[PDB]
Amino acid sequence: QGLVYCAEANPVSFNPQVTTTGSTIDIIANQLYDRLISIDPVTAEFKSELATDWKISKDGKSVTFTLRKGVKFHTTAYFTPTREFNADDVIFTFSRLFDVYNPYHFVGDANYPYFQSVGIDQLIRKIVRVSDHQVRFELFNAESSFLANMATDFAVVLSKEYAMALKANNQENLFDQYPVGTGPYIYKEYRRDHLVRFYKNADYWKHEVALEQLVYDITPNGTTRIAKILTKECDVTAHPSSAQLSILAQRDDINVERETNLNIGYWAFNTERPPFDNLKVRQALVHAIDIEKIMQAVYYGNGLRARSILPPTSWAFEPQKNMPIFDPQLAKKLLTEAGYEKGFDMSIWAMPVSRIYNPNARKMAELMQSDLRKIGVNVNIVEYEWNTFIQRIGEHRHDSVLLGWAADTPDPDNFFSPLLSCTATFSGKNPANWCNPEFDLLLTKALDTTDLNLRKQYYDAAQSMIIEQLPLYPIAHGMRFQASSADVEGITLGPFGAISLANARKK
């Protein structure tokens, strides 16, 4: 049998390395590929994937991976492998991220947002081929987040043989478009705005694959996704509207699965754009937002109001004393004091699709628009197709934006470095457009130690700085929901990372 999965947007690529958009990663990462390691859902320890063993040196500047034997890359309509997975695949894959001599470093989008945002170029010095099935990563400095970054869904292994075969025909541009992986499913077809089609990998190394066919029905309209699951046009629906969760729960042939999840939804200001480059203005504007109203009207009581950028199930979580209280009277007084008594116009950019951390940015924005009109601030809401949206937030065209982050691992660094670091800013991935080296130094010092208490001290200081300076305003943490036909089994939702259908089956 097959499975139809209602997805909220196109994939922007079939290579996880070039994007941080959950919509793309959910479709491609766990389906077509494998990582060297993962985090075990039971023990929360690092788990063997394509690497069967890993040994960190005493200074922590060398990490050696022993690689799994007997792993085959996909045979597709456009590629037949002549050898199995080995060290050269790993060396090619990861050097493509930082090594200008790698012949794919500049191929395609030439952009590797997650890795560049966490400064991979300053991290990996080189990758040594110790043997056919063993590689040693050499680092410039020990970073306590290194293995966690290698467990991200961005850290998949690609095929060097495929890459080099395309290079010899000068077809390198097909490499990230027509993928070859070691994963449980294989690429068949992609029709932009319509569907993507995968089929089972009969040679999957890890286990026999249950489903014969996977189809992703690209349906950006959330109403339509619910309508489709009700009519059995889809078997699984992604990011079900929160307003319709009760309705689904009632149907006996529909399961609504849920998992507490590491994410944050926020309101970020373009701190390089007047008047939002002014702290008093940022402080003034957050006080005018009725957050309680949002928790009920947007999250429908399913959300958790933030007390920090970090959620309470993060080991580095610290609730902040200075979280702004909702007080329009104060807002008006602070606006006046800041020199903007009569207010101004501003844009709030709102996501067009439901996300774990914000089920309805549209409604959120209309609520805030109404709140802000009361202190003389005239909001226009800006929206685009989801991938276009992400692109244009990157060009920092916005005054402010409702966005967020669904954590990729349980390492607290994942909420900071990829989001508010200077490298993230320079990599075009900081929505607040905010570079603060003092902040950055905190993040660096937290990577300089593997001691959790020490790390947490630095993360506490980072959390305080975000609330004191308000590059973004933490709003809430969402619950991770997914709806599916009761006939579907084997899709457990996780507290972090992407959806996997590796174990999915029907009946």
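Note that residue numbering follows the sequence shown and begins at 1.
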Average Cα temperature factor in the PDB entry - higher stretch of 57-65, 30-38: 57-65
Mean C-alpha B-factor comparison - 179-187 and 203-211, higher one: 203-211
Top residue by Cα temperature factor, when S314, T152, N263, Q320 are compared in the entry: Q320
Top Cα B factor in the deposited entry, candidates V196, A168, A148, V100: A168
Third of chain Cα B-factors occupied by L158: lowest
Assigned third (lowest, middle, highest) for the C-alpha B factor of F137: middle
Within-chain third of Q457 by Cα B-factor, per the entry: middle
Record-listed C-alpha B factor of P431: chain third: middle
Chain thirds of CA B-factor: placement of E438: middle
